[PDB]
Amino acid sequence: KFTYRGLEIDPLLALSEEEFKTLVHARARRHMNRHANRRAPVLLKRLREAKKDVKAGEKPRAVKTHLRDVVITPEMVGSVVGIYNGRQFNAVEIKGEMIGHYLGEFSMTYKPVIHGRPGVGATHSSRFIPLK
RNA sequence: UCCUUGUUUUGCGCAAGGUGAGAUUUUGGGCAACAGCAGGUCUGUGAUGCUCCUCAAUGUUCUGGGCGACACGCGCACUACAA
């Protein structure tokens with residue numbers, strides 16, 4: 001199951017570029033129009049390569065990229081993509097509900113913070129907090 | 001300036017009134033001595049002493065990605081919006 005707009009997988013695939021960018025949100029539309037002229041020259045190819053070659057019963061071989069300014073189309077669904085937070089290629093597989101998004105959104109770029117006791121200088125009043 | 005010849009010592013001026021566009025540093029600025037601080041700035045400059053680094057660089061990198069005064073229990077400064 002998954003409904004993007006009340007469309008299963010096969011309808012989405014069937015859509016040509018025109019019919020596609022009509023259906024998607026405002027950002028995605030704006031993106032595609034402004035771009036033209038490739039602008040994901042390698043990031044299409046590398047996926048569709050390793051995608052095809054699979055014997056199924058398991059995911060494609062992972063591909064790595066730094067880029068995250070590229071959309072998620074119904075073409076690239078099922079693949080295993082790397083996305084780069086500035087020190088780690090991060091593992092994501094592409095679901096049918098990741099259509100209408102970007103890549104970068106699934107790849108965290110910071111550790112969430114959880115604190116560890118405040119030291120001196122926090123509290124204005126002075127006690128010279130032992131021991132942390 | 002003028003007058004009150006008030007006040008003041010005849011002096012330096014002062015108070016009230018008059019004249020007038022304007023009445024007392026007319027109103028508001030800019031400039032500003034002598035002696036200093038071991039204040040700040042080597043992130044302004046082909047302003048720099050001595051040191052550090054130099055081809056797998058601390059250089060150049062307008063290269064790809066992240067981070068920056070932004071990441072979140074909490075204290076403080078200034079701002080804005082309200083009851």
# chains A, B, ... in the order shown; residues from 1 in each chain; ligands from 1
call {"tool": "interface_residues", "arguments": {"of": "chain B", "to": "chain A", "cutoff": "7 Å", "atoms": "only C-alpha atoms (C1' of nucleotides)", "output": "ChimeraX atom specification"}}
result
/B:64-66,72,75
call {"tool": "write_last_selection", "arguments": {"atoms": "N, CA and C atoms (P, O5', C5', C4', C3', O3' and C1' of nucleotides)", "output": "PDB file, in the first residue's frame"}}
result
ATOM      1  P     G B  64      30.949  23.680  -6.024  1.00  0.00           P
ATOM      2  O5'   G B  64      30.872  22.217  -5.490  1.00  0.00           O
ATOM      3  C5'   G B  64      30.022  21.255  -6.105  1.00  0.00           C
ATOM      4  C4'   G B  64      30.033  19.998  -5.248  1.00  0.00           C
ATOM      5  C3'   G B  64      29.415  20.231  -3.869  1.00  0.00           C
ATOM      6  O3'   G B  64      27.987  20.180  -3.945  1.00  0.00           O
ATOM      7  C1'   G B  64      31.445  19.111  -3.605  1.00  0.00           C
ATOM      8  P     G B  65      27.178  21.184  -3.016  1.00  0.00           P
ATOM      9  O5'   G B  65      27.377  20.512  -1.594  1.00  0.00           O
ATOM     10  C5'   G B  65      26.679  19.280  -1.367  1.00  0.00           C
ATOM     11  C4'   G B  65      27.117  18.662  -0.041  1.00  0.00           C
ATOM     12  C3'   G B  65      26.955  19.521   1.220  1.00  0.00           C
ATOM     13  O3'   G B  65      25.566  19.572   1.604  1.00  0.00           O
ATOM     14  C1'   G B  65      29.055  18.450   1.249  1.00  0.00           C
ATOM     15  P     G B  66      24.898  20.856   2.310  1.00  0.00           P
ATOM     16  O5'   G B  66      25.022  20.717   3.913  1.00  0.00           O
ATOM     17  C5'   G B  66      26.127  19.947   4.354  1.00  0.00           C
ATOM     18  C4'   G B  66      26.379  19.864   5.851  1.00  0.00           C
ATOM     19  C3'   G B  66      26.265  21.177   6.648  1.00  0.00           C
ATOM     20  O3'   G B  66      25.020  21.235   7.352  1.00  0.00           O
ATOM     21  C1'   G B  66      28.478  20.369   6.775  1.00  0.00           C
ATOM     22  P     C B  72      18.078  21.997  18.793  1.00  0.00           P
ATOM     23  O5'   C B  72      17.523  21.828  20.257  1.00  0.00           O
ATOM     24  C5'   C B  72      17.783  20.689  21.080  1.00  0.00           C
ATOM     25  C4'   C B  72      17.876  21.057  22.572  1.00  0.00           C
ATOM     26  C3'   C B  72      16.783  21.985  23.139  1.00  0.00           C
ATOM     27  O3'   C B  72      16.501  21.599  24.482  1.00  0.00           O
ATOM     28  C1'   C B  72      18.860  22.965  23.479  1.00  0.00           C
ATOM     29  P     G B  75      15.789  30.449  33.173  1.00  0.00           P
ATOM     30  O5'   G B  75      17.040  31.306  33.597  1.00  0.00           O
ATOM     31  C5'   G B  75      17.465  31.408  34.956  1.00  0.00           C
ATOM     32  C4'   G B  75      18.780  32.193  35.002  1.00  0.00           C
ATOM     33  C3'   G B  75      18.738  33.576  34.324  1.00  0.00           C
ATOM     34  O3'   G B  75      18.162  34.558  35.196  1.00  0.00           O
ATOM     35  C1'   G B  75      20.639  32.422  33.606  1.00  0.00           C
TER      36        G B  75
END
call {"tool": "select_by_dssp", "arguments": {"residues": "chain A", "states": "helix (DSSP H, G or I)", "output": "ChimeraX atom specification"}}
result
/A:9-14,17-23,26-35,41-52,74-76,104-106
call {"tool": "residues_around", "arguments": {"residues": "region 3-14 of chain A", "least_positions_apart": "3", "cutoff": "10 Å", "atoms": "only C-alpha atoms (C1' of nucleotides)", "output": "list in words"}}
result
residues 17, 19, 20, 23, 24, 73, 74, 75, 77, 96, 97, 98, 99 and 100 of chain A
call {"tool": "residues_around", "arguments": {"residues": "residue 4 (chain B)", "least_positions_apart": "4", "cutoff": "10 Å", "atoms": "only C-alpha atoms (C1' of nucleotides)", "output": "list in words"}}
result
residues 16, 17 and 18 of chain B
call {"tool": "select_by_dssp", "arguments": {"residues": "region 38-130 of chain A", "states": "strand (DSSP E or B)", "output": "mmCIF file with N, CA and C atoms, in the first residue's frame"}}
result
data_model
loop_
_atom_site.group_PDB
_atom_site.id
_atom_site.type_symbol
_atom_site.label_atom_id
_atom_site.label_comp_id
_atom_site.auth_asym_id
_atom_site.auth_seq_id
_atom_site.Cartn_x
_atom_site.Cartn_y
_atom_site.Cartn_z
ATOM 1 N N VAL A 63 24.466 3.100 -3.880
ATOM 2 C CA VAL A 63 25.179 4.073 -4.666
ATOM 3 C C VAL A 63 25.377 5.209 -3.708
ATOM 4 N N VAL A 71 15.281 16.012 -6.546
ATOM 5 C CA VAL A 71 13.945 15.583 -6.175
ATOM 6 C C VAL A 71 13.932 14.075 -5.956
ATOM 7 N N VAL A 80 18.704 2.262 -3.371
ATOM 8 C CA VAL A 80 19.356 2.454 -2.097
ATOM 9 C C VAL A 80 20.372 3.521 -2.362
ATOM 10 N N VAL A 81 20.232 4.673 -1.661
ATOM 11 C CA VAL A 81 20.925 5.886 -2.017
ATOM 12 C C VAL A 81 21.702 6.292 -0.793
ATOM 13 N N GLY A 82 22.919 6.845 -1.020
ATOM 14 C CA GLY A 82 23.746 7.491 -0.038
ATOM 15 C C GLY A 82 23.497 8.958 -0.099
ATOM 16 N N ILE A 83 23.654 9.645 1.049
ATOM 17 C CA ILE A 83 23.426 11.063 1.155
ATOM 18 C C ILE A 83 24.379 11.403 2.260
ATOM 19 N N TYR A 84 24.983 12.604 2.214
ATOM 20 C CA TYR A 84 26.270 12.835 2.802
ATOM 21 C C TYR A 84 26.056 14.027 3.670
ATOM 22 N N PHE A 89 28.297 8.816 4.561
ATOM 23 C CA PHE A 89 27.238 8.374 3.685
ATOM 24 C C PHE A 89 26.230 7.592 4.488
ATOM 25 N N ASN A 90 24.938 7.964 4.364
ATOM 26 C CA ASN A 90 23.881 7.505 5.229
ATOM 27 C C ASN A 90 22.954 6.679 4.397
ATOM 28 N N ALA A 91 22.328 5.656 5.020
ATOM 29 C CA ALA A 91 21.620 4.618 4.318
ATOM 30 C C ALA A 91 20.170 4.976 4.309
ATOM 31 N N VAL A 92 19.558 4.998 3.105
ATOM 32 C CA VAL A 92 18.147 5.242 2.961
ATOM 33 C C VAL A 92 17.796 4.373 1.786
ATOM 34 N N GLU A 93 16.598 3.746 1.857
ATOM 35 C CA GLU A 93 15.939 3.075 0.768
ATOM 36 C C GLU A 93 14.743 3.929 0.482
ATOM 37 N N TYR A 102 12.863 15.779 -1.084
ATOM 38 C CA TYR A 102 14.221 15.778 -1.568
ATOM 39 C C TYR A 102 14.895 14.648 -0.848
#
call {"tool": "atom_distance", "arguments": {"atom1": "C1' of residue 2 (chain B)", "atom2": "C1' of residue 14 (chain B)"}}
result
16.8 Å
call {"tool": "atom_distance", "arguments": {"atom1": "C1' of residue 37 (chain B)", "atom2": "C1' of residue 51 (chain B)"}}
result
28.4 Å
call {"tool": "atom_distance", "arguments": {"atom1": "CA of residue 45 (chain A)", "atom2": "CA of residue 101 (chain A)"}}
result
19.8 Å
